[PDB]
>>> print(open('start01.pdb').read())   # PDB, C-alpha atoms and all ligand atoms
ATOM      1  CA  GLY A   1       0.772  -6.439 -27.564
ATOM      2  CA  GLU A   2      -0.162  -7.985 -24.209
ATOM      3  CA  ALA A   3       1.770 -10.916 -22.725
ATOM      4  CA  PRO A   4       0.306 -14.206 -21.245
ATOM      5  CA  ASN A   5       0.022 -13.810 -17.508
ATOM      6  CA  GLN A   6       1.492 -17.042 -16.296
ATOM      7  CA  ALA A   7       1.181 -16.485 -12.577
ATOM      8  CA  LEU A   8       0.591 -19.774 -10.662
ATOM      9  CA  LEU A   9      -2.445 -19.600  -8.400
ATOM     10  CA  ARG A  10      -1.958 -21.854  -5.406
ATOM     11  CA  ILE A  11      -4.857 -23.712  -3.835
ATOM     12  CA  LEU A  12      -4.315 -24.260  -0.107
ATOM     13  CA  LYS A  13      -5.935 -27.003   1.940
ATOM     14  CA  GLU A  14      -7.789 -25.793   5.004
ATOM     15  CA  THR A  15      -5.685 -28.249   7.046
ATOM     16  CA  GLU A  16      -2.422 -26.534   5.988
ATOM     17  CA  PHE A  17      -2.479 -23.757   8.551
ATOM     18  CA  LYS A  18      -3.715 -22.506  11.906
ATOM     19  CA  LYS A  19      -5.572 -19.229  12.520
ATOM     20  CA  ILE A  20      -4.178 -17.554  15.620
ATOM     21  CA  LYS A  21      -5.890 -14.209  16.357
ATOM     22  CA  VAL A  22      -8.147 -11.598  14.718
ATOM     23  CA  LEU A  23      -6.506  -8.505  13.273
ATOM     24  CA  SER A  24      -9.393  -6.633  11.797
ATOM     25  CA  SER A  25     -13.073  -7.303  11.669
ATOM     26  CA  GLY A  26     -16.178  -5.244  10.914
ATOM     27  CA  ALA A  27     -15.604  -3.447   7.558
ATOM     28  CA  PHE A  28     -16.088  -5.931   4.676
ATOM     29  CA  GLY A  29     -14.541  -9.000   6.428
ATOM     30  CA  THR A  30     -12.079 -10.473   8.962
ATOM     31  CA  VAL A  31      -8.299 -10.582   8.556
ATOM     32  CA  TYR A  32      -6.451 -13.006  10.849
ATOM     33  CA  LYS A  33      -2.887 -13.565  11.898
ATOM     34  CA  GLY A  34      -1.862 -17.151  11.185
ATOM     35  CA  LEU A  35       0.736 -19.781  10.582
ATOM     36  CA  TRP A  36       1.041 -21.832   7.399
ATOM     37  CA  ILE A  37       2.665 -25.168   6.783
ATOM     38  CA  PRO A  38       2.903 -25.784   3.028
ATOM     39  CA  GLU A  39       2.434 -29.493   3.791
ATOM     40  CA  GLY A  40       5.277 -31.810   2.818
ATOM     41  CA  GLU A  41       7.850 -29.091   3.144
ATOM     42  CA  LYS A  42       8.296 -28.668   6.902
ATOM     43  CA  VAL A  43       8.557 -24.848   7.067
ATOM     44  CA  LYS A  44       6.318 -22.455   9.006
ATOM     45  CA  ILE A  45       5.219 -19.194   7.364
ATOM     46  CA  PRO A  46       3.627 -16.324   9.246
ATOM     47  CA  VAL A  47       0.670 -15.217   7.176
ATOM     48  CA  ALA A  48      -2.338 -12.989   7.081
ATOM     49  CA  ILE A  49      -5.708 -14.303   5.896
ATOM     50  CA  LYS A  50      -8.446 -12.036   4.589
ATOM     51  CA  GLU A  51     -11.656 -13.989   4.869
ATOM     52  CA  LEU A  52     -14.755 -12.479   3.313
ATOM     53  CA  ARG A  53     -17.897 -11.635   5.368
ATOM     54  CA  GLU A  54     -19.446 -14.959   6.525
ATOM     55  CA  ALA A  55     -22.564 -13.699   4.662
ATOM     56  CA  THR A  56     -21.002 -15.221   1.501
ATOM     57  CA  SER A  57     -23.322 -13.650  -1.117
ATOM     58  CA  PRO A  58     -22.193 -14.067  -4.820
ATOM     59  CA  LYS A  59     -22.103 -10.224  -5.199
ATOM     60  CA  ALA A  60     -18.972 -10.345  -2.917
ATOM     61  CA  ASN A  61     -17.053 -13.526  -3.895
ATOM     62  CA  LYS A  62     -16.428 -11.780  -7.199
ATOM     63  CA  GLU A  63     -14.617  -8.827  -5.577
ATOM     64  CA  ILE A  64     -12.315 -10.824  -3.385
ATOM     65  CA  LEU A  65     -11.415 -13.097  -6.285
ATOM     66  CA  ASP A  66     -10.516 -10.007  -8.235
ATOM     67  CA  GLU A  67      -8.003  -9.105  -5.536
ATOM     68  CA  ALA A  68      -6.686 -12.639  -5.562
ATOM     69  CA  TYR A  69      -6.261 -12.424  -9.310
ATOM     70  CA  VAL A  70      -4.137  -9.262  -9.044
ATOM     71  CA  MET A  71      -2.318 -10.206  -5.822
ATOM     72  CA  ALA A  72      -1.478 -13.461  -7.502
ATOM     73  CA  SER A  73      -0.117 -11.577 -10.524
ATOM     74  CA  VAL A  74       2.448  -9.300  -8.977
ATOM     75  CA  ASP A  75       6.011  -9.772  -7.777
ATOM     76  CA  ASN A  76       7.985  -6.905  -6.285
ATOM     77  CA  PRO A  77       9.812  -6.319  -3.031
ATOM     78  CA  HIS A  78       7.290  -3.556  -2.528
ATOM     79  CA  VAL A  79       4.008  -5.133  -3.483
ATOM     80  CA  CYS A  80       2.103  -7.600  -1.370
ATOM     81  CA  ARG A  81       1.975 -10.857  -3.313
ATOM     82  CA  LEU A  82      -0.674 -13.573  -2.822
ATOM     83  CA  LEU A  83       0.563 -16.802  -1.292
ATOM     84  CA  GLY A  84      -2.502 -18.828  -2.204
ATOM     85  CA  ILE A  85      -6.179 -19.207  -1.618
ATOM     86  CA  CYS A  86      -8.385 -21.533   0.205
ATOM     87  CA  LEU A  87     -11.814 -22.643  -0.781
ATOM     88  CA  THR A  88     -13.758 -23.528   2.420
ATOM     89  CA  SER A  89     -17.108 -21.805   1.898
ATOM     90  CA  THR A  90     -16.039 -18.230   2.009
ATOM     91  CA  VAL A  91     -12.905 -17.705  -0.013
ATOM     92  CA  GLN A  92      -9.786 -17.101   2.117
ATOM     93  CA  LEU A  93      -6.988 -14.931   0.701
ATOM     94  CA  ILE A  94      -3.680 -15.921   2.182
ATOM     95  CA  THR A  95      -0.874 -13.412   1.967
ATOM     96  CA  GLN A  96       2.398 -12.846   3.884
ATOM     97  CA  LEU A  97       2.105 -11.362   7.417
ATOM     98  CA  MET A  98       2.979  -7.677   7.711
ATOM     99  CA  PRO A  99       3.630  -7.741  11.406
ATOM    100  CA  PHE A 100       3.978  -4.016  12.063
ATOM    101  CA  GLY A 101       0.559  -3.425  10.437
ATOM    102  CA  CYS A 102      -0.397  -0.559   8.116
ATOM    103  CA  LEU A 103       1.762   2.525   7.660
ATOM    104  CA  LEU A 104      -0.916   5.035   8.675
ATOM    105  CA  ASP A 105      -1.459   3.319  12.002
ATOM    106  CA  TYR A 106       2.310   3.095  12.400
ATOM    107  CA  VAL A 107       3.295   6.747  11.935
ATOM    108  CA  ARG A 108       0.378   7.876  14.049
ATOM    109  CA  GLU A 109       1.448   5.613  16.834
ATOM    110  CA  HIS A 110       5.257   6.227  16.606
ATOM    111  CA  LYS A 111       5.200  10.009  15.825
ATOM    112  CA  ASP A 112       8.315  10.403  17.918
ATOM    113  CA  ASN A 113      10.686   7.833  16.606
ATOM    114  CA  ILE A 114      10.198   8.615  12.992
ATOM    115  CA  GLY A 115      13.290  10.199  11.404
ATOM    116  CA  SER A 116      13.669  11.761   7.961
ATOM    117  CA  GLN A 117      15.564   8.653   6.861
ATOM    118  CA  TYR A 118      12.499   6.571   7.426
ATOM    119  CA  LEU A 119       9.936   8.904   5.950
ATOM    120  CA  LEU A 120      12.086   9.545   2.887
ATOM    121  CA  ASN A 121      12.719   5.829   2.460
ATOM    122  CA  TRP A 122       9.071   4.869   2.439
ATOM    123  CA  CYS A 123       8.630   7.488  -0.213
ATOM    124  CA  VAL A 124      11.199   5.729  -2.306
ATOM    125  CA  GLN A 125       9.802   2.298  -1.600
ATOM    126  CA  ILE A 126       6.239   3.255  -2.443
ATOM    127  CA  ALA A 127       7.336   5.046  -5.628
ATOM    128  CA  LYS A 128       9.124   1.775  -6.401
ATOM    129  CA  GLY A 129       6.076  -0.367  -5.691
ATOM    130  CA  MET A 130       3.872   1.924  -7.751
ATOM    131  CA  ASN A 131       6.273   2.137 -10.651
ATOM    132  CA  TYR A 132       6.287  -1.646 -10.916
ATOM    133  CA  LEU A 133       2.473  -1.683 -11.055
ATOM    134  CA  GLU A 134       2.747   0.871 -13.879
ATOM    135  CA  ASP A 135       5.088  -1.514 -15.788
ATOM    136  CA  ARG A 136       2.504  -4.265 -15.246
ATOM    137  CA  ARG A 137       0.015  -1.869 -16.849
ATOM    138  CA  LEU A 138      -2.069  -1.618 -13.610
ATOM    139  CA  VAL A 139      -3.955   1.147 -11.941
ATOM    140  CA  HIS A 140      -4.438   0.904  -8.198
ATOM    141  CA  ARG A 141      -7.161   3.515  -7.455
ATOM    142  CA  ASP A 142      -6.513   3.543  -3.716
ATOM    143  CA  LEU A 143      -2.951   4.387  -2.828
ATOM    144  CA  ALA A 144      -3.257   5.585   0.748
ATOM    145  CA  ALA A 145      -1.265   5.311   3.937
ATOM    146  CA  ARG A 146      -4.001   2.950   5.196
ATOM    147  CA  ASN A 147      -3.146   0.704   2.284
ATOM    148  CA  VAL A 148       0.621   0.501   2.618
ATOM    149  CA  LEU A 149       1.776  -2.098   5.131
ATOM    150  CA  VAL A 150       4.968  -2.640   7.053
ATOM    151  CA  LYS A 151       7.147  -5.787   6.994
ATOM    152  CA  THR A 152       9.879  -4.096   9.017
ATOM    153  CA  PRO A 153      10.302  -0.375   9.769
ATOM    154  CA  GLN A 154      12.491  -0.152   6.651
ATOM    155  CA  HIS A 155      10.257  -2.234   4.488
ATOM    156  CA  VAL A 156       6.898  -1.093   3.319
ATOM    157  CA  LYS A 157       4.759  -2.832   0.648
ATOM    158  CA  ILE A 158       1.722  -1.681  -1.293
ATOM    159  CA  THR A 159      -1.440  -3.642  -0.778
ATOM    160  CA  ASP A 160      -5.223  -3.765  -1.154
ATOM    161  CA  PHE A 161      -6.138  -4.469  -4.767
ATOM    162  CA  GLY A 162      -9.897  -4.539  -4.233
ATOM    163  CA  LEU A 163     -10.018  -1.569  -6.625
ATOM    164  CA  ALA A 164      -7.356  -2.189  -9.258
ATOM    165  CA  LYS A 165      -7.692  -2.116 -13.090
ATOM    166  CA  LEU A 166      -5.808  -2.675 -16.326
ATOM    167  CA  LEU A 167      -5.359   0.842 -17.790
ATOM    168  CA  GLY A 168      -8.209   1.864 -20.143
ATOM    169  CA  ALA A 169     -10.698  -0.978 -19.458
ATOM    170  CA  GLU A 170     -14.077  -0.598 -17.711
ATOM    171  CA  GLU A 171     -15.682  -2.107 -14.665
ATOM    172  CA  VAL A 172     -15.024   6.043  -2.803
ATOM    173  CA  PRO A 173     -11.920   7.600  -1.116
ATOM    174  CA  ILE A 174     -12.724  11.060  -2.413
ATOM    175  CA  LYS A 175     -10.056  12.994  -0.560
ATOM    176  CA  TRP A 176      -7.321  10.910  -2.191
ATOM    177  CA  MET A 177      -8.492  11.340  -5.791
ATOM    178  CA  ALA A 178      -7.202  13.213  -8.773
ATOM    179  CA  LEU A 179      -9.644  15.642 -10.429
ATOM    180  CA  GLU A 180     -10.363  13.754 -13.694
ATOM    181  CA  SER A 181     -11.252  11.003 -11.269
ATOM    182  CA  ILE A 182     -13.938  12.816  -9.265
ATOM    183  CA  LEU A 183     -15.506  14.648 -12.211
ATOM    184  CA  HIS A 184     -14.991  12.102 -15.049
ATOM    185  CA  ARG A 185     -14.186   8.726 -13.536
ATOM    186  CA  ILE A 186     -10.909   8.908 -15.561
ATOM    187  CA  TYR A 187      -8.007   6.825 -14.159
ATOM    188  CA  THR A 188      -4.483   6.990 -15.489
ATOM    189  CA  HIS A 189      -1.345   5.927 -13.681
ATOM    190  CA  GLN A 190      -0.960   9.698 -13.472
ATOM    191  CA  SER A 191      -4.086   9.731 -11.360
ATOM    192  CA  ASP A 192      -2.376   7.199  -9.035
ATOM    193  CA  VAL A 193       0.395   9.756  -8.763
ATOM    194  CA  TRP A 194      -2.059  12.233  -7.192
ATOM    195  CA  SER A 195      -2.883   9.692  -4.448
ATOM    196  CA  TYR A 196       0.875   9.216  -4.104
ATOM    197  CA  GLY A 197       1.176  12.936  -3.320
ATOM    198  CA  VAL A 198      -1.635  12.613  -0.876
ATOM    199  CA  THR A 199      -0.025   9.562   0.608
ATOM    200  CA  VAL A 200       3.215  11.476   1.043
ATOM    201  CA  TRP A 201       1.283  14.237   2.762
ATOM    202  CA  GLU A 202      -0.246  11.714   5.202
ATOM    203  CA  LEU A 203       3.198  10.543   6.123
ATOM    204  CA  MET A 204       4.897  13.926   6.327
ATOM    205  CA  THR A 205       2.067  15.051   8.577
ATOM    206  CA  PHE A 206       2.462  12.010  10.844
ATOM    207  CA  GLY A 207      -0.873  10.603   9.835
ATOM    208  CA  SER A 208      -3.030  13.695   9.667
ATOM    209  CA  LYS A 209      -6.382  13.521   7.889
ATOM    210  CA  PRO A 210      -6.385  15.317   4.553
ATOM    211  CA  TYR A 211      -8.939  18.159   4.355
ATOM    212  CA  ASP A 212      -9.943  17.474   7.960
ATOM    213  CA  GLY A 213     -13.566  18.301   8.766
ATOM    214  CA  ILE A 214     -14.214  19.595   5.214
ATOM    215  CA  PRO A 215     -17.127  17.441   3.876
ATOM    216  CA  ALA A 216     -16.416  15.437   0.690
ATOM    217  CA  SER A 217     -19.091  16.638  -1.806
ATOM    218  CA  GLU A 218     -17.132  19.919  -1.505
ATOM    219  CA  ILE A 219     -13.660  18.544  -2.479
ATOM    220  CA  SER A 220     -14.396  18.805  -6.225
ATOM    221  CA  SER A 221     -15.155  22.421  -5.563
ATOM    222  CA  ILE A 222     -12.191  23.491  -3.449
ATOM    223  CA  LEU A 223      -9.788  21.615  -5.693
ATOM    224  CA  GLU A 224     -11.259  23.387  -8.668
ATOM    225  CA  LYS A 225     -10.475  26.808  -7.206
ATOM    226  CA  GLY A 226      -6.832  25.704  -7.264
ATOM    227  CA  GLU A 227      -6.465  24.873  -3.591
ATOM    228  CA  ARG A 228      -4.275  21.992  -2.368
ATOM    229  CA  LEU A 229      -3.046  20.616   0.935
ATOM    230  CA  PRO A 230      -0.677  22.771   3.072
ATOM    231  CA  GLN A 231       3.058  22.343   3.296
ATOM    232  CA  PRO A 232       3.518  20.035   6.286
ATOM    233  CA  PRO A 233       5.467  21.846   8.997
ATOM    234  CA  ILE A 234       8.413  19.506   8.516
ATOM    235  CA  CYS A 235       8.689  19.844   4.751
ATOM    236  CA  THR A 236      11.343  21.876   3.074
ATOM    237  CA  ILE A 237      10.102  23.595  -0.018
ATOM    238  CA  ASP A 238      11.803  20.804  -2.091
ATOM    239  CA  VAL A 239       9.733  18.002  -0.681
ATOM    240  CA  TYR A 240       6.607  20.138  -0.606
ATOM    241  CA  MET A 241       7.159  21.071  -4.187
ATOM    242  CA  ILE A 242       7.274  17.508  -5.372
ATOM    243  CA  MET A 243       3.965  16.861  -3.610
ATOM    244  CA  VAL A 244       2.417  19.872  -5.318
ATOM    245  CA  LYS A 245       3.635  18.626  -8.696
ATOM    246  CA  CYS A 246       1.248  15.609  -8.331
ATOM    247  CA  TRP A 247      -1.625  17.949  -8.000
ATOM    248  CA  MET A 248      -1.300  19.730 -11.316
ATOM    249  CA  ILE A 249      -4.539  19.752 -13.399
ATOM    250  CA  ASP A 250      -2.989  18.619 -16.669
ATOM    251  CA  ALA A 251      -2.106  15.110 -15.572
ATOM    252  CA  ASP A 252       0.892  14.607 -17.872
ATOM    253  CA  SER A 253       2.312  17.514 -16.008
ATOM    254  CA  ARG A 254       2.325  15.347 -12.934
ATOM    255  CA  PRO A 255       5.597  13.537 -12.470
ATOM    256  CA  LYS A 256       6.049   9.845 -13.246
ATOM    257  CA  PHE A 257       6.641   7.274 -10.509
ATOM    258  CA  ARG A 258      10.006   6.606 -12.138
ATOM    259  CA  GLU A 259      11.160  10.187 -11.576
ATOM    260  CA  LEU A 260       9.510  10.088  -8.182
ATOM    261  CA  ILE A 261      11.910   7.275  -7.313
ATOM    262  CA  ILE A 262      14.845   9.420  -8.486
ATOM    263  CA  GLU A 263      14.128  12.712  -6.664
ATOM    264  CA  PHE A 264      13.128  11.065  -3.401
ATOM    265  CA  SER A 265      16.030   8.737  -3.716
ATOM    266  CA  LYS A 266      18.334  11.704  -4.200
ATOM    267  CA  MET A 267      16.806  13.219  -1.130
ATOM    268  CA  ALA A 268      17.068  10.165   1.028
ATOM    269  CA  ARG A 269      20.853  10.548   0.630
ATOM    270  CA  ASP A 270      20.932  13.645   2.739
ATOM    271  CA  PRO A 271      17.711  13.396   4.698
ATOM    272  CA  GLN A 272      18.140  16.354   7.143
ATOM    273  CA  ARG A 273      18.535  18.732   4.215
ATOM    274  CA  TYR A 274      14.968  17.919   3.149
ATOM    275  CA  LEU A 275      12.915  17.271   6.247
ATOM    276  CA  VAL A 276      13.495  19.151   9.409
ATOM    277  CA  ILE A 277      12.513  16.938  12.337
ATOM    278  CA  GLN A 278      13.124  17.741  16.087
ATOM    279  CA  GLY A 279      15.972  15.645  17.562
ATOM    280  CA  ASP A 280      16.056  13.714  14.315
ATOM    281  CA  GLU A 281      19.497  12.054  14.281
ATOM    282  CA  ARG A 282      18.788  10.625  17.804
ATOM    283  CA  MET A 283      15.914   8.235  16.686
ATOM    284  CA  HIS A 284      15.768   4.468  15.923
ATOM    285  CA  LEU A 285      12.645   2.329  15.321
ATOM    286  CA  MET A 286       5.613 -11.723  17.829
ATOM    287  CA  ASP A 287       6.042 -15.537  18.615
ATOM    288  CA  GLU A 288       4.959 -18.789  20.563
ATOM    289  CA  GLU A 289       5.304 -22.489  19.418
ATOM    290  CA  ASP A 290       8.476 -23.629  17.587
ATOM    291  CA  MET A 291       9.938 -20.877  15.361
ATOM    292  CA  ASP A 292      12.864 -23.171  14.404
ATOM    293  CA  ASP A 293      11.370 -23.703  11.000
ATOM    294  CA  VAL A 294       9.821 -20.287  10.637
ATOM    295  CA  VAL A 295      10.840 -18.538   7.433
ATOM    296  CA  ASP A 296       9.523 -15.287   6.070
ATOM    297  CA  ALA A 297       7.530 -15.579   2.859
ATOM    298  CA  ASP A 298       9.982 -13.402   0.913
ATOM    299  CA  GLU A 299      12.395 -16.315   1.215
ATOM    300  CA  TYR A 300       9.791 -18.860   0.208
ATOM    301  CA  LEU A 301       9.591 -19.240  -3.587
ATOM    302  CA  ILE A 302       8.509 -22.165  -5.782
ATOM    303  CA  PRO A 303       9.336 -21.733  -9.607
TER     304      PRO A 303
HETATM  305  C1  LIG B   1      -0.561  -7.093  11.690
HETATM  306  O1  LIG B   1      -1.213  -6.109  10.871
HETATM  307  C2  LIG B   1      -1.592  -6.507   9.608
HETATM  308  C3  LIG B   1      -0.774  -7.301   8.799
HETATM  309  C4  LIG B   1      -1.189  -7.681   7.525
HETATM  310  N1  LIG B   1      -0.405  -8.450   6.752
HETATM  311  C5  LIG B   1      -0.759  -8.823   5.530
HETATM  312  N2  LIG B   1      -1.919  -8.455   5.032
HETATM  313  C6  LIG B   1      -2.762  -7.689   5.752
HETATM  314  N3  LIG B   1      -3.915  -7.317   5.213
HETATM  315  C7  LIG B   1      -4.338  -7.793   4.043
HETATM  316  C8  LIG B   1      -4.709  -6.937   3.009
HETATM  317  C9  LIG B   1      -5.168  -7.464   1.796
HETATM  318  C10 LIG B   1      -5.264  -8.848   1.626
HETATM  319  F1  LIG B   1      -5.706  -9.386   0.470
HETATM  320  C11 LIG B   1      -4.899  -9.687   2.668
HETATM  321 CL1  LIG B   1      -5.005 -11.392   2.493
HETATM  322  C12 LIG B   1      -4.441  -9.169   3.868
HETATM  323  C13 LIG B   1      -2.416  -7.278   7.037
HETATM  324  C14 LIG B   1      -3.236  -6.483   7.830
HETATM  325  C15 LIG B   1      -2.826  -6.089   9.114
HETATM  326  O2  LIG B   1      -3.612  -5.315   9.934
HETATM  327  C16 LIG B   1      -4.350  -4.224   9.281
HETATM  328  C17 LIG B   1      -4.587  -2.971  10.156
HETATM  329  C18 LIG B   1      -5.903  -3.119  10.935
HETATM  330  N4  LIG B   1      -6.312  -1.863  11.596
HETATM  331  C19 LIG B   1      -6.333  -2.155  13.067
HETATM  332  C20 LIG B   1      -7.175  -1.140  13.861
HETATM  333  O3  LIG B   1      -8.509  -1.079  13.255
HETATM  334  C21 LIG B   1      -8.487  -0.585  11.876
HETATM  335  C22 LIG B   1      -7.595  -1.436  10.951
END
>>> encode(input="start01.pdb", output="structure tokens")
Amino acid sequence: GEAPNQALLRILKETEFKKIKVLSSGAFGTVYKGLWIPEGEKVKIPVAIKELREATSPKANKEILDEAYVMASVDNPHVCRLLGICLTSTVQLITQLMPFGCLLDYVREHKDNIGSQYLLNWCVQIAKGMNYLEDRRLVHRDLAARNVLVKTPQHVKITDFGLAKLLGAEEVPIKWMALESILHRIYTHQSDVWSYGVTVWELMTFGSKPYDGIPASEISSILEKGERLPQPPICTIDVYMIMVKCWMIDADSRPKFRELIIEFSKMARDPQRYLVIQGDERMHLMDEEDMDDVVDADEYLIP
């Protein structure tokens, strides 16, 4: 049936780490850069720390603990795992630092150094991330370039679980949503696939905004006439096709993340055959204190 989720949730002392600089405020809370010393181990760990709005109403603490629950429950080279939490007064989520920031921001800002190799690779890595989540019977409900972060240029991870679900239970980025989603609040993994397609489109179009201008209450309408996003100017038919396959109405006609890994993977073997980028093959894509004992979190594991 369903297995016992034996994830260990780590409680971190507020003494165990320094904050170091803001990364993102406004929205629904701060996120800081920071260092972490898992006391009694003598190792520094660059981290990020999502702290909830200082206005620590009970209506919110629920939502951030939900994240924590999920983030604590995953483990994949392409899925941001929770390092631990911290109980001050507002709950602090402590995850591994994704220094290069979110993928959207990245491709927008490096438009000119992004080769097919990179684009095609992130496609693989996200399909990988997402496939895992499928295995762990999870629905994300917010796959989006803004929600994929960057460890290195050749390492992206899926993040932001503020919206996740086990598939079939009960508990708005409209322009990223499957149809059954907008008209019926239905959410399969195959709806996540649609956002995948959209996320690919974001990347292939160097961070363009899907359905730009076009007001949202109208998306249900357009989509229902059978209209989708345009081939990005760099996309061979083969890439563009695979995007369009995620946008089929009948959702089992969408492809599965597992096949998505395979095709893209195939393609990332001969990248210039599949994306046509100007001067492609000529492209190629942070401290203080000690740093002697600095280790990245992916190399920090307790049983
Ligand atoms: C250095 O860049 C980041 C690394 C990150 N590393 C790990 N996690 C991040 N966010 C995050 C996401 C979910 C979580 F539960 C937690 Cl604890 C943290 C990170 C967010 C980061 O920045 C997010 C991008 C902020 N932009 C900056 C410009 O204004 C709009 C939003």
>>> closest_atom_pairs(input="start01.pdb", of="chain A", to="ligand LIG 1 (chain B)", cutoff="6 Å", atoms="all atoms listed in the file", output="CSV")
residue,atom,partner,partner_atom,distance
A:23,CA,B:LIG1,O2,5.4
A:24,CA,B:LIG1,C18,5.0
A:48,CA,B:LIG1,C5,4.7
A:49,CA,B:LIG1,CL1,4.5
A:50,CA,B:LIG1,CL1,4.1
A:93,CA,B:LIG1,CL1,4.4
A:94,CA,B:LIG1,CL1,4.7
A:95,CA,B:LIG1,CL1,4.6
A:96,CA,B:LIG1,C5,5.4
A:97,CA,B:LIG1,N1,3.9
A:98,CA,B:LIG1,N1,3.6
A:99,CA,B:LIG1,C1,4.3
A:100,CA,B:LIG1,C1,5.5
A:101,CA,B:LIG1,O1,3.2
A:102,CA,B:LIG1,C17,5.2
A:159,CA,B:LIG1,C9,5.9
A:160,CA,B:LIG1,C9,4.7
>>> resolve_selection(input="start01.pdb", expression="the PyMOL selection byres (((chain A and resi 211) around 12) and not hetatm)", output="PyMOL selection string")
chain A and resi 174-176+198+201-202+208-210+212-220+222-223+227-230
>>> write_last_selection(input="start01.pdb", atoms="C-alpha atoms", output="mmCIF file, keeping the file's coordinate frame")
data_model
loop_
_atom_site.group_PDB
_atom_site.id
_atom_site.type_symbol
_atom_site.label_atom_id
_atom_site.label_comp_id
_atom_site.auth_asym_id
_atom_site.auth_seq_id
_atom_site.Cartn_x
_atom_site.Cartn_y
_atom_site.Cartn_z
ATOM 1 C CA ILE A 174 -12.724 11.060 -2.413
ATOM 2 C CA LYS A 175 -10.056 12.994 -0.560
ATOM 3 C CA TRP A 176 -7.321 10.910 -2.191
ATOM 4 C CA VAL A 198 -1.635 12.613 -0.876
ATOM 5 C CA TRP A 201 1.283 14.237 2.762
ATOM 6 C CA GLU A 202 -0.246 11.714 5.202
ATOM 7 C CA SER A 208 -3.030 13.695 9.667
ATOM 8 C CA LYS A 209 -6.382 13.521 7.889
ATOM 9 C CA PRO A 210 -6.385 15.317 4.553
ATOM 10 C CA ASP A 212 -9.943 17.474 7.960
ATOM 11 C CA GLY A 213 -13.566 18.301 8.766
ATOM 12 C CA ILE A 214 -14.214 19.595 5.214
ATOM 13 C CA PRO A 215 -17.127 17.441 3.876
ATOM 14 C CA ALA A 216 -16.416 15.437 0.690
ATOM 15 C CA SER A 217 -19.091 16.638 -1.806
ATOM 16 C CA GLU A 218 -17.132 19.919 -1.505
ATOM 17 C CA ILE A 219 -13.660 18.544 -2.479
ATOM 18 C CA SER A 220 -14.396 18.805 -6.225
ATOM 19 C CA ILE A 222 -12.191 23.491 -3.449
ATOM 20 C CA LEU A 223 -9.788 21.615 -5.693
ATOM 21 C CA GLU A 227 -6.465 24.873 -3.591
ATOM 22 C CA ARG A 228 -4.275 21.992 -2.368
ATOM 23 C CA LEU A 229 -3.046 20.616 0.935
ATOM 24 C CA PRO A 230 -0.677 22.771 3.072
#
>>> atom_distance(input="start01.pdb", atom1="atom CA of residue A:182", atom2="atom CA of residue A:249")
12.4 Å
>>> atom_distance(input="start01.pdb", atom1="atom CA of residue A:137", atom2="atom CA of residue A:168")
9.6 Å
>>> closest_residue(input="start01.pdb", among="A:52, A:143, A:260, A:193", to="residue A:25", atoms="only C-alpha atoms")
A:52
>>> closest_residue(input="start01.pdb", among="A:269, A:254, A:19, A:151", to="residue A:103", atoms="only C-alpha atoms")
A:151
>>> closest_residue(input="start01.pdb", among="A:238, A:66, A:54, A:292", to="residue A:263", atoms="all atoms listed in the file")
A:238
>>> closest_residue(input="start01.pdb", among="A:140, A:62, A:111, A:155", to="residue A:206", atoms="only C-alpha atoms")
A:111
>>> resolve_selection(input="start01.pdb", expression="the PyMOL selection byres (((chain A and resi 2) around 12) and not hetatm)", output="PyMOL selection string")
chain A and resi 1+3-5+135-137+166
>>> residues_around(input="start01.pdb", residues="residue A:240", least_positions_apart="2", cutoff="12 Å", atoms="all atoms listed in the file", output="list in words")
residues 197, 198, 200, 201, 204, 205, 228, 229, 230, 231, 232, 233, 234, 235, 236, 237, 238, 242, 243, 244, 245, 246, 247, 264, 274 and 275 of chain A
>>> residues_near_point(input="start01.pdb", point="(10.1, -22.4, 16.8)", cutoff="12 Å", atoms="all atoms listed in the file", output="list in words")
residues 35, 42, 43, 44, 45, 46, 286, 287, 288, 289, 290, 291, 292, 293, 294 and 295 of chain A
>>> residues_around(input="start01.pdb", residues="residue A:284", least_positions_apart="3", cutoff="12 Å", atoms="all atoms listed in the file", output="PyMOL selection string")
chain A and resi 110-118+153-154+279-281
>>> closest_residue(input="start01.pdb", among="A:76, A:56, A:190, A:125", to="residue A:255", atoms="only C-alpha atoms")
A:190
>>> atom_distance(input="start01.pdb", atom1="atom CA of residue A:38", atom2="atom CA of residue A:14")
10.9 Å
>>> residues_near_point(input="start01.pdb", point="(-2.6, -0.7, -14.6)", cutoff="12 Å", atoms="only C-alpha atoms", output="ChimeraX atom specification")
/A:70,73-74,130-141,161,163-170,187-192
>>> resolve_selection(input="start01.pdb", expression="the PyMOL selection byres (((chain A and resi 84) around 8) and not hetatm)", output="PDB file with C-alpha atoms, in the frame of the given file")
ATOM      1  CA  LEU A   9      -2.445 -19.600  -8.400  1.00  0.00           C
ATOM      2  CA  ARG A  10      -1.958 -21.854  -5.406  1.00  0.00           C
ATOM      3  CA  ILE A  11      -4.857 -23.712  -3.835  1.00  0.00           C
ATOM      4  CA  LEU A  12      -4.315 -24.260  -0.107  1.00  0.00           C
ATOM      5  CA  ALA A  72      -1.478 -13.461  -7.502  1.00  0.00           C
ATOM      6  CA  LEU A  82      -0.674 -13.573  -2.822  1.00  0.00           C
ATOM      7  CA  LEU A  83       0.563 -16.802  -1.292  1.00  0.00           C
ATOM      8  CA  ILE A  85      -6.179 -19.207  -1.618  1.00  0.00           C
ATOM      9  CA  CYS A  86      -8.385 -21.533   0.205  1.00  0.00           C
ATOM     10  CA  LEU A  93      -6.988 -14.931   0.701  1.00  0.00           C
ATOM     11  CA  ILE A  94      -3.680 -15.921   2.182  1.00  0.00           C
ATOM     12  CA  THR A  95      -0.874 -13.412   1.967  1.00  0.00           C
TER      13      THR A  95
END
